[PDB]
């Protein structure tokens, strides 16, 4: 047993293993220990895959790098391409034209919406929603609930809900339950009434239908989704407004705006209201577990500047908060060797000296798969992993030595802190947060006949509910932003600026003989960076530190735990053989394990 970051870790209790963790991207194992009353007292995050993409890049052309690193992940597709082109542009002192900037921002914000909404409905919802209880719902009373939760949503009739319920009952009676087979349905961990469950299942189906339209924005600008094309120096999608021969003309831009408008409707009428409703009911049940590090230490690089290349105009302004002091946002510099560092003390890699964290410009990725002395099982048949030694393919990133949570919640905490200190670019997330708190505390309880509560944003936000809420709010904000970006794009083109690529430094004969650069992105899951060194036209070093690397990290040299492990601590389980609460909290980070290990 030992104490770290206010958490009293203890492994003497009953060990529980979850391998595979399902409804994530990629491969993860989780182990916990519970006390005599089934409360988690120890938690162990293991990334169970590695591909070695950083080493594969060595010796290749920096201009090709984006396509390789894009294949780190097909879920957060393109965010690695963006980080890569930004890193190469930073190394080579390349400034992209306005239209390329706006198109990249539209693509980024489209990914944010798609990733957030599909995650919630496709992967997260079943941790909160009992699908078998939806079968016991009254279609009339489900229709009445839909009017209270979101009056503007047109899909609301009793008959609409009744038809959905029948096809669910048919699928269920078939005997082929498919993805619902052997679920944890009927656990006391589920608290929603039948009508709220049927409503959620219905919106699941709407989300899965509509998500294929949203990504057509990537297809226009980038050729395909997943894995749209990017370009060092700009975008490949050249413009000619008024002709059908260029990649982008007015008709294609009108198509993009139609897709954006659809996104705005879905976020405000379906997604945000559902999360507010589910959040309220779980708050009423007292389920405010899962805060972990969000209560103390959060980080994001900052993103979406109003004015290209002017970080003071970031619409999701970043930095670092420590010790839960929201009145003091520290600035974060990706270039500073004493700020972002990665340890491998408890990871399956080796450094010359593993008591030191390496800034990614000096990063090293040399595998070392070895299991500690206290392992139960063998090298190829693990029964119980030994977290006192090396236990994950994920490295351990820290900021000035501190363990941080990253992601939409971190961004929303940072935005709120910035707004409090006078920042005028964070007004919208602040408004969203205050609206959401009033709904969760007062308006929704009033409408459902529940007691009003008085939780502050400082109490609500650092929780699994809060982490889920911030994602939905971020989706809404991203759709609003890209709607504005679209207008600015069309206005700039109509005024006569059609430029999409700066090719002045395309030829490697123009490059400095050595250079280093960093590109950062506010990716869906948090703070993404790519650090590159270029020597004689080739990649000399390429290191990625990815949001799920931060959140899913194993312990560091000092033994400090990362966000996943912290978030599971101190949580009761209804039934230690059913990982309902573990999955609910882990899924609130939207874990991407391929991203985490690359």
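Positions refer to the first chain, counted from 1.
Per the compared records, residue 243 is unresolved in at least a third of the other entries whose models span it.
In this entry, no coordinate-free residues of the deposited sequence separate residue 251 from residue 252. For the two regions 556-564 and 541-549, the entry's Cα B-factors average higher over 556-564. The mean Cα B-factor in the deposited entry runs higher for 137-145 than for the other of 137-145 and 268-276. Of the residues listed, 174, 339, 475, 396, the entry assigns the biggest Cα temperature factor to 174. When the C-alpha B factors of 381, 224, 359, 86 are read from the deposited coordinates, the top value falls at 381. In the deposited entry, the Cα temperature factor of residue 25 places it in the lowest third of its chain's modelled residues. Residue 283: CA B factor lies in the middle third for its chain, per the PDB record. The deposited CA B-factor of residue 31 belongs to the middle third of values across its chain.
Per-chain ranking of the deposited C-alpha B factor places residue 422 in the highest third. Among the modelled residues of its chain, residue 507 has a C-alpha B-factor that falls in the middle third, as given in the PDB entry.
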